[PDB]
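Novice: So here's target_27.txt, just compact mmCIF, N, CA and C atoms and all ligand atoms:
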# COMPACT_ATOMS: atom_id res chain seq x y z
N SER P 7 3.18 -2.23 -10.01
CA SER P 7 1.73 -2.47 -9.97
C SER P 7 1.38 -3.52 -8.90
N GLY P 8 0.11 -3.62 -8.52
CA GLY P 8 -0.34 -4.65 -7.60
C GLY P 8 -1.51 -4.16 -6.77
N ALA P 9 -2.24 -5.09 -6.22
CA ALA P 9 -3.42 -4.78 -5.40
C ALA P 9 -3.61 -5.79 -4.29
N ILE P 10 -4.41 -5.41 -3.28
CA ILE P 10 -4.86 -6.36 -2.27
C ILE P 10 -6.27 -6.71 -2.66
N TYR P 11 -6.64 -8.02 -2.62
CA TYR P 11 -8.00 -8.46 -2.92
C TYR P 11 -8.58 -9.14 -1.66
N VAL P 12 -9.36 -8.37 -0.90
CA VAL P 12 -9.97 -8.85 0.33
C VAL P 12 -11.47 -8.70 0.20
N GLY P 13 -12.20 -9.78 0.47
CA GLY P 13 -13.66 -9.73 0.32
C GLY P 13 -14.09 -9.29 -1.09
N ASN P 14 -14.99 -8.30 -1.14
CA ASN P 14 -15.34 -7.70 -2.44
C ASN P 14 -14.70 -6.30 -2.62
N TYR P 15 -13.45 -6.17 -2.18
CA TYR P 15 -12.71 -4.92 -2.31
C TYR P 15 -11.40 -5.21 -3.05
N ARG P 16 -10.94 -4.20 -3.81
CA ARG P 16 -9.62 -4.13 -4.47
C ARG P 16 -8.93 -2.88 -3.94
N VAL P 17 -7.80 -3.06 -3.23
CA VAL P 17 -7.04 -1.95 -2.62
C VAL P 17 -5.84 -1.66 -3.50
N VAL P 18 -5.73 -0.46 -4.08
CA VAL P 18 -4.61 -0.08 -4.95
C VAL P 18 -4.00 1.22 -4.53
N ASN P 19 -2.81 1.56 -5.10
CA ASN P 19 -2.24 2.89 -4.87
C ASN P 19 -3.21 3.86 -5.60
N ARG P 20 -3.61 4.95 -4.95
CA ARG P 20 -4.53 5.92 -5.60
C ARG P 20 -3.94 6.42 -6.90
N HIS P 21 -2.58 6.61 -6.93
CA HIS P 21 -1.98 7.16 -8.14
C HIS P 21 -1.95 6.18 -9.33
N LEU P 22 -2.23 4.90 -9.09
CA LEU P 22 -2.30 3.87 -10.13
C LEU P 22 -3.72 3.38 -10.42
N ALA P 23 -4.74 4.03 -9.81
CA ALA P 23 -6.12 3.58 -10.01
C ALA P 23 -6.57 3.73 -11.46
N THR P 24 -7.31 2.76 -11.94
CA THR P 24 -7.83 2.77 -13.34
C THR P 24 -9.19 3.47 -13.43
N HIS P 25 -9.72 3.70 -14.67
CA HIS P 25 -11.05 4.24 -14.81
C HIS P 25 -12.07 3.33 -14.17
N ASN P 26 -11.91 2.00 -14.33
CA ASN P 26 -12.86 1.08 -13.70
C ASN P 26 -12.86 1.23 -12.17
N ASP P 27 -11.66 1.47 -11.57
CA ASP P 27 -11.59 1.70 -10.14
C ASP P 27 -12.41 2.96 -9.74
N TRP P 28 -12.17 4.07 -10.47
CA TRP P 28 -12.92 5.29 -10.16
C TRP P 28 -14.44 5.14 -10.40
N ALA P 29 -14.84 4.31 -11.40
CA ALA P 29 -16.26 4.11 -11.69
C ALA P 29 -16.96 3.17 -10.70
N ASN P 30 -16.16 2.47 -9.85
CA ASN P 30 -16.70 1.53 -8.84
C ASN P 30 -16.06 1.86 -7.51
N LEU P 31 -15.96 3.14 -7.18
CA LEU P 31 -15.23 3.61 -6.02
C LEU P 31 -15.92 3.32 -4.72
N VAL P 32 -15.17 2.88 -3.72
CA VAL P 32 -15.69 2.71 -2.36
C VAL P 32 -15.11 3.83 -1.48
N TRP P 33 -13.77 4.12 -1.53
CA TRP P 33 -13.14 5.08 -0.66
C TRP P 33 -11.81 5.48 -1.28
N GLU P 34 -11.36 6.73 -1.09
CA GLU P 34 -10.02 7.13 -1.54
C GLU P 34 -9.50 8.20 -0.61
N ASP P 35 -8.19 8.25 -0.46
CA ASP P 35 -7.54 9.22 0.40
C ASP P 35 -6.19 9.58 -0.20
N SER P 36 -6.07 10.78 -0.79
CA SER P 36 -4.84 11.23 -1.41
C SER P 36 -3.69 11.35 -0.40
N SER P 37 -3.98 11.77 0.84
CA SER P 37 -2.93 11.88 1.86
C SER P 37 -2.29 10.56 2.21
N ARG P 38 -2.97 9.44 1.98
CA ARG P 38 -2.45 8.08 2.24
C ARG P 38 -2.02 7.33 0.97
N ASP P 39 -2.24 7.92 -0.25
CA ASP P 39 -2.02 7.24 -1.53
C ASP P 39 -2.81 5.93 -1.64
N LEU P 40 -4.06 5.92 -1.15
CA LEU P 40 -4.86 4.69 -1.21
C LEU P 40 -6.20 4.93 -1.91
N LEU P 41 -6.69 3.91 -2.63
CA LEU P 41 -8.02 3.90 -3.23
C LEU P 41 -8.53 2.49 -3.13
N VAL P 42 -9.83 2.36 -2.85
CA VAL P 42 -10.49 1.08 -2.76
C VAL P 42 -11.68 1.05 -3.70
N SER P 43 -11.78 0.03 -4.55
CA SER P 43 -12.90 -0.15 -5.46
C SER P 43 -13.62 -1.45 -5.16
N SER P 44 -14.85 -1.62 -5.70
CA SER P 44 -15.60 -2.85 -5.45
C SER P 44 -15.33 -3.89 -6.55
N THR P 45 -15.43 -5.19 -6.21
CA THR P 45 -15.17 -6.28 -7.15
C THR P 45 -16.37 -7.21 -7.23
N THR P 46 -16.51 -7.90 -8.37
CA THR P 46 -17.59 -8.88 -8.52
C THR P 46 -17.17 -10.20 -7.84
N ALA P 47 -15.92 -10.62 -8.05
CA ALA P 47 -15.44 -11.86 -7.43
C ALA P 47 -14.83 -11.61 -6.03
N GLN P 48 -14.92 -12.60 -5.14
CA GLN P 48 -14.35 -12.51 -3.79
C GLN P 48 -12.87 -12.79 -3.84
N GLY P 49 -12.11 -12.02 -3.07
CA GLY P 49 -10.66 -12.15 -2.98
C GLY P 49 -10.19 -13.06 -1.87
N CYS P 50 -8.88 -13.41 -1.93
CA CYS P 50 -8.31 -14.38 -0.97
C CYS P 50 -7.37 -13.82 0.06
N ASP P 51 -6.99 -12.55 -0.07
CA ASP P 51 -6.09 -11.95 0.90
C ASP P 51 -6.82 -11.68 2.22
N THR P 52 -6.13 -11.78 3.33
CA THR P 52 -6.67 -11.39 4.64
C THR P 52 -5.83 -10.25 5.20
N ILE P 53 -6.47 -9.30 5.90
CA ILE P 53 -5.73 -8.16 6.44
C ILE P 53 -5.22 -8.47 7.84
N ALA P 54 -3.96 -8.17 8.11
CA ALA P 54 -3.36 -8.28 9.43
C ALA P 54 -4.01 -7.25 10.38
N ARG P 55 -4.29 -7.72 11.61
CA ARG P 55 -4.81 -6.82 12.64
C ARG P 55 -3.88 -7.05 13.82
N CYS P 56 -2.77 -6.33 13.81
CA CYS P 56 -1.65 -6.57 14.72
C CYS P 56 -0.76 -5.34 14.83
N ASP P 57 0.33 -5.49 15.64
CA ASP P 57 1.31 -4.43 15.76
C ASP P 57 2.71 -4.88 15.30
N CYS P 58 2.79 -5.79 14.34
CA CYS P 58 4.10 -6.25 13.81
C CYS P 58 4.89 -5.05 13.24
N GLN P 59 6.22 -5.04 13.43
CA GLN P 59 7.15 -4.12 12.78
C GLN P 59 8.23 -4.91 12.00
N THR P 60 7.99 -6.21 11.76
CA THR P 60 8.80 -7.03 10.90
C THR P 60 7.86 -7.80 9.94
N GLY P 61 8.31 -7.97 8.72
CA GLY P 61 7.50 -8.67 7.73
C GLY P 61 8.27 -8.90 6.46
N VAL P 62 7.56 -9.19 5.35
CA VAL P 62 8.21 -9.48 4.07
C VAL P 62 7.45 -8.77 2.98
N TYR P 63 8.17 -8.10 2.06
CA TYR P 63 7.48 -7.43 0.95
C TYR P 63 7.92 -7.95 -0.42
N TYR P 64 7.02 -7.82 -1.39
CA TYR P 64 7.36 -8.17 -2.77
C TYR P 64 7.91 -6.99 -3.59
N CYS P 65 9.08 -7.22 -4.18
CA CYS P 65 9.78 -6.23 -4.99
C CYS P 65 9.77 -6.68 -6.47
N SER P 66 8.91 -6.09 -7.29
CA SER P 66 8.76 -6.51 -8.70
C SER P 66 10.02 -6.24 -9.53
N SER P 67 10.80 -5.20 -9.19
CA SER P 67 12.05 -4.89 -9.90
C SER P 67 13.22 -5.87 -9.62
N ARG P 68 12.98 -6.80 -8.64
CA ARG P 68 13.95 -7.88 -8.38
C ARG P 68 13.29 -9.28 -8.46
N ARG P 69 11.98 -9.36 -8.74
CA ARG P 69 11.20 -10.63 -8.68
C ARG P 69 11.50 -11.39 -7.37
N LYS P 70 11.55 -10.68 -6.25
CA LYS P 70 11.93 -11.28 -4.99
C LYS P 70 11.14 -10.72 -3.85
N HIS P 71 10.94 -11.56 -2.82
CA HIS P 71 10.33 -11.16 -1.55
C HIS P 71 11.47 -10.96 -0.55
N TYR P 72 11.47 -9.83 0.14
CA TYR P 72 12.53 -9.49 1.11
C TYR P 72 12.00 -9.35 2.51
N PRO P 73 12.69 -9.91 3.51
CA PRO P 73 12.31 -9.64 4.91
C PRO P 73 12.80 -8.25 5.33
N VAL P 74 11.95 -7.51 5.98
CA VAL P 74 12.28 -6.13 6.42
C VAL P 74 11.79 -5.83 7.79
N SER P 75 12.48 -4.91 8.48
CA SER P 75 12.01 -4.23 9.69
C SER P 75 11.46 -2.88 9.22
N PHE P 76 10.29 -2.44 9.71
CA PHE P 76 9.67 -1.21 9.25
C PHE P 76 9.16 -0.36 10.39
N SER P 77 9.14 0.95 10.19
CA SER P 77 8.70 1.88 11.23
C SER P 77 7.17 1.84 11.43
N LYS P 78 6.69 2.41 12.51
CA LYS P 78 5.26 2.48 12.76
C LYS P 78 4.61 3.49 11.84
N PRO P 79 3.33 3.31 11.49
CA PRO P 79 2.67 4.26 10.57
C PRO P 79 2.76 5.71 11.09
N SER P 80 3.25 6.61 10.23
CA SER P 80 3.53 7.99 10.65
C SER P 80 3.32 8.96 9.48
N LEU P 81 3.44 10.28 9.80
CA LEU P 81 3.33 11.36 8.84
C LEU P 81 4.75 11.70 8.39
N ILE P 82 5.07 11.38 7.14
CA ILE P 82 6.39 11.54 6.57
C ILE P 82 6.38 12.44 5.34
N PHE P 83 7.41 13.27 5.21
CA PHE P 83 7.55 14.12 4.04
C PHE P 83 8.09 13.27 2.87
N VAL P 84 7.41 13.31 1.70
CA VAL P 84 7.86 12.55 0.54
C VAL P 84 8.22 13.55 -0.57
N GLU P 85 9.33 13.34 -1.28
CA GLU P 85 9.75 14.24 -2.38
C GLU P 85 8.80 14.12 -3.57
N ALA P 86 8.82 15.15 -4.43
CA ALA P 86 8.00 15.21 -5.63
C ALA P 86 8.23 14.02 -6.53
N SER P 87 7.15 13.58 -7.14
CA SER P 87 7.19 12.52 -8.14
C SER P 87 6.34 13.02 -9.35
N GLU P 88 6.13 12.19 -10.40
CA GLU P 88 5.20 12.65 -11.47
C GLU P 88 3.71 12.53 -11.00
N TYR P 89 3.46 11.92 -9.81
CA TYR P 89 2.07 11.74 -9.33
C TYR P 89 1.64 12.68 -8.25
N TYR P 90 2.61 13.15 -7.45
CA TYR P 90 2.28 14.07 -6.35
C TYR P 90 3.41 15.12 -6.24
N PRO P 91 3.10 16.29 -5.73
CA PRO P 91 4.18 17.25 -5.41
C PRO P 91 4.88 16.77 -4.12
N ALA P 92 5.97 17.44 -3.70
CA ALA P 92 6.62 17.11 -2.43
C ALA P 92 5.58 17.47 -1.32
N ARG P 93 5.25 16.53 -0.41
CA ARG P 93 4.16 16.77 0.57
C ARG P 93 4.32 15.79 1.77
N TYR P 94 3.44 15.90 2.77
CA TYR P 94 3.37 14.95 3.89
C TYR P 94 2.36 13.85 3.58
N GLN P 95 2.83 12.57 3.59
CA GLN P 95 1.94 11.41 3.40
C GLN P 95 1.69 10.77 4.77
N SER P 96 0.44 10.47 5.09
CA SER P 96 0.11 9.88 6.37
C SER P 96 0.05 8.35 6.30
N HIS P 97 0.12 7.71 7.50
CA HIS P 97 -0.01 6.26 7.69
C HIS P 97 1.08 5.54 6.85
N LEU P 98 2.27 6.14 6.72
CA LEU P 98 3.37 5.59 5.94
C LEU P 98 4.38 4.94 6.87
N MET P 99 4.93 3.79 6.46
CA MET P 99 5.98 3.04 7.21
C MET P 99 7.22 2.89 6.35
N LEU P 100 8.40 3.18 6.87
CA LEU P 100 9.62 3.07 6.07
C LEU P 100 10.49 1.89 6.45
N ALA P 101 11.21 1.33 5.48
CA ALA P 101 12.15 0.25 5.71
C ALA P 101 13.35 0.46 4.76
N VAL P 102 14.44 -0.25 5.04
CA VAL P 102 15.59 -0.28 4.16
C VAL P 102 15.35 -1.45 3.16
N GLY P 103 15.31 -1.08 1.90
CA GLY P 103 15.05 -2.09 0.86
C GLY P 103 15.07 -1.48 -0.50
N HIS P 104 15.22 -2.36 -1.52
CA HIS P 104 15.20 -1.89 -2.87
C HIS P 104 13.80 -1.52 -3.34
N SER P 105 13.71 -0.43 -4.02
CA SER P 105 12.51 0.04 -4.60
C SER P 105 12.77 0.89 -5.86
N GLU P 106 11.82 0.85 -6.85
CA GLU P 106 11.65 1.64 -8.13
C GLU P 106 10.17 2.02 -8.33
N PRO P 107 9.80 3.09 -9.09
CA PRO P 107 8.37 3.52 -9.10
C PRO P 107 7.35 2.44 -9.42
N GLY P 108 7.66 1.56 -10.38
CA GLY P 108 6.78 0.46 -10.75
C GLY P 108 6.63 -0.63 -9.70
N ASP P 109 7.41 -0.57 -8.60
CA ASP P 109 7.26 -1.50 -7.50
C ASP P 109 6.05 -1.14 -6.64
N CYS P 110 5.41 0.04 -6.83
CA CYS P 110 4.18 0.38 -6.06
C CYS P 110 3.14 -0.68 -6.26
N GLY P 111 2.48 -1.13 -5.17
CA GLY P 111 1.43 -2.14 -5.25
C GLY P 111 1.88 -3.48 -4.70
N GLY P 112 3.19 -3.66 -4.58
CA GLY P 112 3.69 -4.89 -3.98
C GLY P 112 3.26 -5.05 -2.52
N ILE P 113 2.85 -6.24 -2.10
CA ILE P 113 2.38 -6.44 -0.72
C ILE P 113 3.46 -6.58 0.32
N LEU P 114 3.26 -5.93 1.48
CA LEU P 114 4.00 -6.15 2.71
C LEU P 114 3.11 -7.05 3.60
N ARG P 115 3.62 -8.13 4.13
CA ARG P 115 2.81 -9.05 4.94
C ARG P 115 3.59 -9.48 6.15
N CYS P 116 2.84 -9.95 7.16
CA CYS P 116 3.44 -10.54 8.37
C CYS P 116 2.72 -11.91 8.61
N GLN P 117 3.01 -12.62 9.74
CA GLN P 117 2.33 -13.90 10.02
C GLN P 117 0.80 -13.76 10.10
N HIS P 118 0.28 -12.53 10.39
CA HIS P 118 -1.18 -12.29 10.54
C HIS P 118 -1.93 -11.99 9.25
N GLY P 119 -1.19 -11.63 8.19
CA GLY P 119 -1.81 -11.30 6.92
C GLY P 119 -1.14 -10.10 6.26
N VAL P 120 -1.94 -9.43 5.39
CA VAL P 120 -1.44 -8.26 4.67
C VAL P 120 -1.39 -7.02 5.56
N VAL P 121 -0.26 -6.30 5.53
CA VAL P 121 -0.02 -5.15 6.38
C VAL P 121 -0.21 -3.88 5.54
N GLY P 122 0.20 -3.86 4.26
CA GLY P 122 0.11 -2.70 3.42
C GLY P 122 0.69 -2.93 2.05
N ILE P 123 0.86 -1.86 1.27
CA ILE P 123 1.40 -1.94 -0.12
C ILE P 123 2.50 -0.93 -0.35
N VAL P 124 3.50 -1.27 -1.19
CA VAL P 124 4.54 -0.30 -1.52
C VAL P 124 3.91 0.99 -2.11
N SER P 125 4.35 2.13 -1.61
CA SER P 125 3.82 3.43 -2.05
C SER P 125 4.93 4.43 -2.36
N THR P 126 6.12 4.33 -1.73
CA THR P 126 7.21 5.33 -1.96
C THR P 126 8.56 4.60 -2.03
N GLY P 127 9.61 5.33 -2.45
CA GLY P 127 10.94 4.75 -2.47
C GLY P 127 12.03 5.82 -2.54
N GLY P 128 13.17 5.54 -1.87
CA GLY P 128 14.39 6.37 -1.76
C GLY P 128 15.64 5.57 -2.05
N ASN P 129 16.86 6.16 -1.84
CA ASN P 129 18.07 5.40 -2.15
C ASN P 129 18.26 4.36 -1.10
N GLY P 130 17.78 3.17 -1.41
CA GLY P 130 17.86 2.10 -0.45
C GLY P 130 16.76 2.21 0.57
N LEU P 131 15.67 2.96 0.32
CA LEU P 131 14.48 2.97 1.22
C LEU P 131 13.24 2.56 0.47
N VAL P 132 12.28 1.95 1.20
CA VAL P 132 10.99 1.60 0.61
C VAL P 132 9.92 2.05 1.63
N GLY P 133 8.83 2.63 1.18
CA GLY P 133 7.76 3.07 2.06
C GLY P 133 6.48 2.34 1.73
N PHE P 134 5.74 1.99 2.79
CA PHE P 134 4.52 1.20 2.61
C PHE P 134 3.33 1.95 3.19
N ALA P 135 2.23 1.96 2.46
CA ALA P 135 0.96 2.53 2.94
C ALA P 135 0.29 1.48 3.82
N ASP P 136 0.09 1.74 5.12
CA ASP P 136 -0.52 0.81 6.02
C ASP P 136 -2.00 0.69 5.70
N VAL P 137 -2.57 -0.53 5.92
CA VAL P 137 -4.03 -0.75 5.80
C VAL P 137 -4.63 -1.40 7.06
N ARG P 138 -3.82 -1.61 8.12
CA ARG P 138 -4.27 -2.37 9.28
C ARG P 138 -5.34 -1.63 10.08
N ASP P 139 -5.43 -0.30 9.95
CA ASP P 139 -6.46 0.44 10.70
C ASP P 139 -7.81 0.46 9.98
N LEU P 140 -7.89 0.02 8.71
CA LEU P 140 -9.09 0.05 7.88
C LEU P 140 -9.94 -1.17 8.20
N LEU P 141 -10.62 -1.14 9.36
CA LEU P 141 -11.33 -2.32 9.84
C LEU P 141 -12.48 -2.73 8.94
N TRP P 142 -13.08 -1.75 8.24
CA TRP P 142 -14.19 -2.02 7.36
C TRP P 142 -13.83 -2.89 6.18
N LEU P 143 -12.53 -3.07 5.85
CA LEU P 143 -12.17 -3.98 4.75
C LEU P 143 -12.63 -5.41 5.06
N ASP P 144 -12.81 -5.76 6.35
CA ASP P 144 -13.20 -7.13 6.79
C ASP P 144 -14.69 -7.42 6.73
N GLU P 145 -15.54 -6.45 6.33
CA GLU P 145 -16.99 -6.70 6.32
C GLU P 145 -17.70 -6.10 5.10
N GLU P 146 -19.01 -6.38 4.96
CA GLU P 146 -19.97 -5.90 3.96
C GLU P 146 -20.06 -6.83 2.77
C1 LIG W 1 13.87 6.75 -6.43
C2 LIG W 1 12.90 5.76 -5.86
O1 LIG W 1 13.24 4.92 -5.01
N1 LIG W 1 11.62 5.88 -6.31
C3 LIG W 1 10.46 5.20 -5.88
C4 LIG W 1 10.48 3.84 -5.62
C5 LIG W 1 9.30 3.16 -5.34
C6 LIG W 1 8.11 3.83 -5.35
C7 LIG W 1 8.08 5.19 -5.57
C8 LIG W 1 9.25 5.91 -5.80
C9 LIG W 1 9.23 7.41 -5.77
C10 LIG W 1 8.23 7.92 -4.75
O2 LIG W 1 8.52 7.97 -3.56
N2 LIG W 1 7.09 8.44 -5.23
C11 LIG W 1 6.61 8.33 -6.62
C12 LIG W 1 5.23 7.68 -6.68
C13 LIG W 1 4.26 8.36 -5.71
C14 LIG W 1 4.86 8.39 -4.29
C15 LIG W 1 3.87 8.87 -3.24
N3 LIG W 1 3.20 7.91 -2.60
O3 LIG W 1 3.77 10.07 -2.97
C16 LIG W 1 6.17 9.15 -4.33
ZN ZN W 2 1.32 -9.22 12.26
Written as structure tokens, how would this file's structure read?
Specialist:
Amino acid sequence: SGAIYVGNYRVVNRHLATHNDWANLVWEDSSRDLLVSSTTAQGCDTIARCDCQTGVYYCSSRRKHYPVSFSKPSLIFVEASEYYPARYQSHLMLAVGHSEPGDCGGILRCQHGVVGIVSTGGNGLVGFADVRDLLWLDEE
């Protein structure tokens, strides 16, 4: 589990969105596994606007933050899960790291801010949904 809290937005994995998220929806994209809802309180996270390919992510199944090298956002085939069939997910970045399904929502960050959230996982792989292109998260 986990979310990004920037401005008056809450960014979560679409497959983990709650009823309150759907009832206060701002934007969602199944191809990216992302959903954004509105919040009453202002958040403290800032979004990275950069081209970093190194950063650190939070792994809830180890209670640890790990430094990782990650690929550029791309269209990757992901195997079936209980939330989606086997399909192509867009704006996904892969790294070598520990991951389990409940680790979705953990933040990937660099020196500039938040880069994305854990969305997928393989044997010794972790995939992150990028948010750096979502410029509108910084306003309204
Ligand atoms: C075996 C493993 O590492 N599982 C793992 C770890 C961490 C997170 C997720 C998984 C499995 C996974 O990739 N998916 C299940 C949840 C929805 C994902 C999606 N965005 O399409 C696909
Ligand atoms: Zn950066």
Novice: With all atoms listed in the file as the counted atoms, please give the residues lying no more than 6 Å from residue 73 of chain P, apart from itself and same-chain residues fewer than 3 positions off, as a count of residues only.
Specialist: 3
Novice: Extract the full set of helix (DSSP H, G or I) residues from chain P according to DSSP on the backbone, and format it as an mmCIF file with N, CA and C atoms, in the frame of the given file.
Specialist:
data_model
loop_
_atom_site.group_PDB
_atom_site.id
_atom_site.type_symbol
_atom_site.label_atom_id
_atom_site.label_comp_id
_atom_site.auth_asym_id
_atom_site.auth_seq_id
_atom_site.Cartn_x
_atom_site.Cartn_y
_atom_site.Cartn_z
ATOM 1 N N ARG P 20 -3.610 4.950 -4.950
ATOM 2 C CA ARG P 20 -4.530 5.920 -5.600
ATOM 3 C C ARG P 20 -3.940 6.420 -6.900
ATOM 4 N N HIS P 21 -2.580 6.610 -6.930
ATOM 5 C CA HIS P 21 -1.980 7.160 -8.140
ATOM 6 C C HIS P 21 -1.950 6.180 -9.330
ATOM 7 N N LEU P 22 -2.230 4.900 -9.090
ATOM 8 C CA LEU P 22 -2.300 3.870 -10.130
ATOM 9 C C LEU P 22 -3.720 3.380 -10.420
ATOM 10 N N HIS P 25 -9.720 3.700 -14.670
ATOM 11 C CA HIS P 25 -11.050 4.240 -14.810
ATOM 12 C C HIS P 25 -12.070 3.330 -14.170
ATOM 13 N N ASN P 26 -11.910 2.000 -14.330
ATOM 14 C CA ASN P 26 -12.860 1.080 -13.700
ATOM 15 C C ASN P 26 -12.860 1.230 -12.170
ATOM 16 N N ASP P 27 -11.660 1.470 -11.570
ATOM 17 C CA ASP P 27 -11.590 1.700 -10.140
ATOM 18 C C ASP P 27 -12.410 2.960 -9.740
ATOM 19 N N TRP P 28 -12.170 4.070 -10.470
ATOM 20 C CA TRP P 28 -12.920 5.290 -10.160
ATOM 21 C C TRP P 28 -14.440 5.140 -10.400
ATOM 22 N N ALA P 29 -14.840 4.310 -11.400
ATOM 23 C CA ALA P 29 -16.260 4.110 -11.690
ATOM 24 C C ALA P 29 -16.960 3.170 -10.700
ATOM 25 N N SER P 36 -6.070 10.780 -0.790
ATOM 26 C CA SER P 36 -4.840 11.230 -1.410
ATOM 27 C C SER P 36 -3.690 11.350 -0.400
ATOM 28 N N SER P 37 -3.980 11.770 0.840
ATOM 29 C CA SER P 37 -2.930 11.880 1.860
ATOM 30 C C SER P 37 -2.290 10.560 2.210
ATOM 31 N N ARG P 38 -2.970 9.440 1.980
ATOM 32 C CA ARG P 38 -2.450 8.080 2.240
ATOM 33 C C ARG P 38 -2.020 7.330 0.970
ATOM 34 N N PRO P 107 9.800 3.090 -9.090
ATOM 35 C CA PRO P 107 8.370 3.520 -9.100
ATOM 36 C C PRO P 107 7.350 2.440 -9.420
ATOM 37 N N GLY P 108 7.660 1.560 -10.380
ATOM 38 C CA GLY P 108 6.780 0.460 -10.750
ATOM 39 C C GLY P 108 6.630 -0.630 -9.700
ATOM 40 N N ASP P 109 7.410 -0.570 -8.600
ATOM 41 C CA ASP P 109 7.260 -1.500 -7.500
ATOM 42 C C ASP P 109 6.050 -1.140 -6.640
ATOM 43 N N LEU P 141 -10.620 -1.140 9.360
ATOM 44 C CA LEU P 141 -11.330 -2.320 9.840
ATOM 45 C C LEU P 141 -12.480 -2.730 8.940
ATOM 46 N N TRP P 142 -13.080 -1.750 8.240
ATOM 47 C CA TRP P 142 -14.190 -2.020 7.360
ATOM 48 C C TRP P 142 -13.830 -2.890 6.180
ATOM 49 N N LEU P 143 -12.530 -3.070 5.850
ATOM 50 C CA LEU P 143 -12.170 -3.980 4.750
ATOM 51 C C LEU P 143 -12.630 -5.410 5.060
ATOM 52 N N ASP P 144 -12.810 -5.760 6.350
ATOM 53 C CA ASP P 144 -13.200 -7.130 6.790
ATOM 54 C C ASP P 144 -14.690 -7.420 6.730
#
Novice: Using only C-alpha atoms and all ligand atoms, which residues have at least one atom no more than 6 Å from ligand LIG 1 (chain W)? Output them as a list in words.
Specialist: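 Every residue with an atom at most 6 Å from ligand LIG 1 (chain W) is listed here: residues 39, 84, 87, 89, 90, 105, 106, 107, 109, 110, 125, 126, 127, 128 and 129 of chain P.
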Novice: Do you have the atom N of residue 23 of chain P-atom N of residue 57 of chain P distance handy?
Specialist: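 Interatomic distance here is 27.6 Å.
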Novice: What does the structure give for the distance between atom N of residue 75 of chain P and atom CA of residue 124 of chain P, in Å to one decimal?
Specialist: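 We find that atom N of residue 75 of chain P and atom CA of residue 124 of chain P lie 13.6 Å from each other.
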Novice: Taking only C-alpha atoms and all ligand atoms into account, name the residue in P:141, P:112, P:56, P:95 that is nearest to ligand ZN 2 (chain W).
Specialist: P:56
Novice: Each residue of chain P with at least one atom at most 5 Å from ligand ZN 2 (chain W) should appear once, together with its nearest atom pair and the corresponding distance in Å (one decimal); atoms considered: only N, CA and C atoms and all ligand atoms; ordering: chain, then increasing residue number; output as JSON lines.
Specialist:
{"residue": "P:56", "atom": "CA", "partner": "W:ZN2", "partner_atom": "ZN", "distance": 4.7}
{"residue": "P:58", "atom": "N", "partner": "W:ZN2", "partner_atom": "ZN", "distance": 4.3}
{"residue": "P:116", "atom": "CA", "partner": "W:ZN2", "partner_atom": "ZN", "distance": 4.6}
{"residue": "P:117", "atom": "N", "partner": "W:ZN2", "partner_atom": "ZN", "distance": 4.6}
{"residue": "P:118", "atom": "N", "partner": "W:ZN2", "partner_atom": "ZN", "distance": 3.9}
Novice: Interatomic distance between atom C of residue 12 of chain P and atom CA of residue 50 of chain P?
Specialist: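 Going from atom C of residue 12 of chain P over to atom CA of residue 50 of chain P, I get 6.6 Å.
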Novice: Kindly list the centre and edge lengths in Å, rounded to one decimal, for the axis-aligned box that covers all listed atoms of segment 59-64 of chain P plus 6 Å on each of its six sides, as lines of an AutoDock Vina configuration file.
Specialist:
center_x = 7.5
center_y = -6.8
center_z = 4.9
size_x = 14.6
size_y = 17.4
size_z = 29.0
Novice: Under the rule that only C-alpha atoms are counted, which of P:68, P:16, P:100, P:49 is the nearest residue to residue 33 of chain P?
Specialist: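 Among the listed residues, the smallest separation from residue 33 of chain P belongs to P:16.
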Novice: Have a look at P:74, P:98, P:47, P:53 and name the one nearest to residue 135 of chain P; count all atoms listed in the file.
Specialist: P:98
Novice: Identify the residues within 5 Å of coordinate (-5.6, -8.6, 0.7) (same frame as the file), considering all atoms listed in the file, and give the answer as a VMD selection string.
Specialist: chain P and resid 10 to 12 51 to 52
Novice: From the set P:114, P:93, P:88, P:48, which residue has the shortest atom-to-atom contact distance to residue 15 of chain P, counting all atoms listed in the file?
Specialist: P:48
Novice: Dump as a PyMOL selection string all residues having an atom at most 6 Å from (-2.8, -2.5, -1.4), computed in the file's coordinates with only C-alpha atoms.
Specialist: chain P and resi 9-10+17-18+111+122-123
Novice: Using DSSP assignments from the backbone, pull out every residue in chain P that falls under strand (DSSP E) and give it to me as a VMD selection string.
Specialist: chain P and resid 10 to 19 31 to 35 40 to 50 60 to 65 70 to 75 80 to 84 93 to 102 113 to 116 119 to 128 131 to 136
Novice: Smallest atom-to-atom distance to residue 65 of chain P: which of P:26, P:145, P:104, P:136, using only C-alpha atoms?
Specialist: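 Going through P:26, P:145, P:104, P:136 one by one, the smallest distance to residue 65 of chain P is for P:104.
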